[PDB]
Amino acid sequence: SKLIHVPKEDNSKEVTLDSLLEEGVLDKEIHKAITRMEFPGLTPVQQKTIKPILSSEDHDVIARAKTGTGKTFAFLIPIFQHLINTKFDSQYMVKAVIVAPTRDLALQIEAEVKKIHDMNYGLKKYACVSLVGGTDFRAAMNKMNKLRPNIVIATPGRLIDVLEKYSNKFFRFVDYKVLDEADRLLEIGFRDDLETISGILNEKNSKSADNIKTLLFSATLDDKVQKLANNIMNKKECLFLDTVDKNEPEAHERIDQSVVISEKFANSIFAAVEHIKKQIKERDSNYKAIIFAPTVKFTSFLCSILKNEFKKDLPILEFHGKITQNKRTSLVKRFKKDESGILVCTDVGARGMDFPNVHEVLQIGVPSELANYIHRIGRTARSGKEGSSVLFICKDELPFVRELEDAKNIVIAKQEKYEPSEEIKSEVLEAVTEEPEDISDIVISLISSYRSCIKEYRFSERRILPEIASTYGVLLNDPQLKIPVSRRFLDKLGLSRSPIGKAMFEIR
RNA sequence: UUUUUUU
Ligand SMILES: Nc1ncnc2c1ncn2[C@@H]1O[C@H](COP(=O)(O)OP(=O)(O)NP(=O)(O)O)[C@@H](O)[C@H]1O
Ligand SMILES: [Mg+2]
């Protein structure tokens, strides 16, 4: 199917809620709901996508727009309009299915739908139910039955579960499917699930196998995504609506980016602690930040350090995939409203999450995929606000920074070195209450994580892996110490006859 | 159990 580009245009006639009302694109009832939110105007991606999504043409839509610029309402608005346009047809049936890569993002999109309901009660007849893992399955189905929603928001795993059992009852009249964070949902480990989802919806559809229109949204998207989505795009033509120049970097230009380079991976912990201390002092504790880490075990370790240093000054919140889902949801709600605090998380929080007035995004080590650099920093400087980001890495991670330049055109102007004083090392280390076995587990999680991105970030294995491993000795304040391990363990890893392996581990 | 993602 042919791709039709509509590139970023410089002198374009401004589209408004009023102009779309006058033109008959938007009904009064949705116009009213969005007007009462009192936004200055529609964001560029909203201006670009609303009419073409609702167009009577037989096309799919791909939309790219920078982090924090209103992609959610860019699809919710025309979805509501479609529901209004077809209000007498299949009114108890799901007409729009929106898929997201994390449960908390699916739940956020649902909350955005509820904000539309709150601004115009006449829209509550277009009901919405979220289908996400870690929630009571029966309770969500009671809700599907009671509310008979026209909009479903879901994560892939739970959506497949529901579809295998109830696709005939609720899903035979779907007209739109939305992949939010589309590039992520078409990576390995989501792509097959999206194909399963798309195949069921298409098979069960009462009109035809190609009825459903597909909408892809992300801040990080190109032509190569259309190829990946080939098996889920039904239509003969695909509009690529772009609000970013072809060569322009995808990172939001308002973010003040920097990188802090240490000699050792572990030193990035000390750099971050000293940075946060300074910010809490200089801002008089008026500090809201997000700090990203590579693994769940390390995230949790970092939280302990930051509670010991900073719990007297600011709340410290722990956010990753092993936090129970009830607590994930309650901490998201709190961090959205709070003026200050530090959210310490994995890439569970890299994409989509909208926490207002975050001042800074910090990163210890590299993200789980190159694109997530852009999404991580995009947690700040949202909806016209300012923001900064700091990447804390060691020397042996520098090829990541070069890869950002070569692959994504991101050049970080502010780069500086860091060397920890002996006093910061003593201060941080003394409060560490973890047993050596716990420290081994933590460092081992980092080894596995870094191993998996050696190729994509162009790391030198013989340097990055011994440096990560040496974190164990640093944290135990004895840099001669290697990680005690068994032969069978080393065999499983693949480093049993390697000098790299001998530099990292002691067969004990 | 290396980030998520039904159970
Ligand atoms: N027209 C508008 N004017 C001002 N703010 C808006 C407008 N539309 C949406 N917002 C707000 O902008 C914030 C971010 O919107 P959101 O839809 O989460 O951005 P996004 O493009 O999806 N970002 P990301 O998922 O990080 O790539 C939310 O708090 C919205 O309430
Ligand atoms: Mg979004």
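A note on names: the letters A, B, ... follow the listed sequences, proteins ahead of strands, and every chain is numbered from 1.
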Roughly, in whole Å, what's the span from [atom1] in [X] to [atom2] in [N]?
| X | N | atom1 | atom2 | answer |
| --- | --- | --- | --- | --- |
| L185(A) | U6(B) | CG | P | 11 Å |
| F137(A) | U6(B) | CZ | P | 12 Å |
| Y450(A) | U3(B) | OH | P | 13 Å |
| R328(A) | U5(B) | CZ | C1' | 10 Å |
| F292(A) | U4(B) | CZ | P | 11 Å |
| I200(A) | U6(B) | CD1 | P | 14 Å |
| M141(A) | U6(B) | CE | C1' | 14 Å |
| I197(A) | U6(B) | CD1 | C1' | 10 Å |

Any side-chain N or O of [X] less than 4.0 Å from the OP1 or OP2 oxygen of [N]?
| X | N | answer |
| --- | --- | --- |
| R103(A) | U6(B) | yes |
| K297(A) | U2(B) | yes |
| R191(A) | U4(B) | no |
| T155(A) | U4(B) | no |
| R158(A) | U7(B) | yes |

So, do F75(A) and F217(A) have ring centers that fall under 6.0 Å from each other? yes
Is the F298(A) to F265(A) ring centre distance short of 6.0 Å? yes
Is it possible for you to check whether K264(A) lies under 6.0 Å from the centre of the six-membered ring of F270(A), through NZ or CZ, and within 45° of that ring's axis? no
Looking only at side-chain N and O atoms, does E397(A) offer a donor or acceptor that is under 3.5 Å from a partner on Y450(A)? yes
Between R172(A) and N205(A), do the side chains contain a donor N or O and an acceptor N or O under 3.5 Å apart? no
Please list, in numerical order, the residues of residues 366-376 of chain A that have a heavy atom closer than 4.0 Å to any atom of RNA chain B. none
Given [options], which nucleotide is nearest the side-chain atoms of [X]?
| X | options | result |
| --- | --- | --- |
| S452(A) | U7(B), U2(B), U4(B) | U2(B) |
| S448(A) | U4(B), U5(B), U2(B) | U2(B) |
| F190(A) | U6(B), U5(B), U2(B) | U5(B) |
| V348(A) | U7(B), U2(B), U4(B) | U4(B) |

Is a donor on one side and an acceptor on the other found under 3.5 Å between the side chain of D175(A) and the backbone of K95(A)? no
Please list, one pair per line, the donor and acceptor atoms closer than 3.5 Å that link side chains of residues 110-117 of chain A to other protein atoms, with sequence neighbours excluded.
{"residue": "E110(A)", "atom": "OE1", "partner": "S130(A)", "partner atom": "OG", "Å": "2.6"}
{"residue": "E110(A)", "atom": "OE2", "partner": "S130(A)", "partner atom": "OG", "Å": "3.4"}
{"residue": "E112(A)", "atom": "OE2", "partner": "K115(A)", "partner atom": "NZ", "Å": "2.8"}
{"residue": "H117(A)", "atom": "NE2", "partner": "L123(A)", "partner atom": "O", "Å": "3.3"}
{"residue": "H117(A)", "atom": "NE2", "partner": "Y126(A)", "partner atom": "O", "Å": "2.8"}

Who passes salt bridge (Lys or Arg N to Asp or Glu O under 4.0 Å) against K502(A), sequence neighbours left out? none
Can you tell me whether the side chain of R184(A) and the base of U3(B) have a donor-acceptor pair closer than 3.5 Å? yes
Within the 4.0 Å heavy-atom criterion, would you say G189(A) contacts the bases, only the backbone, or no part of the nucleic acid? nothing
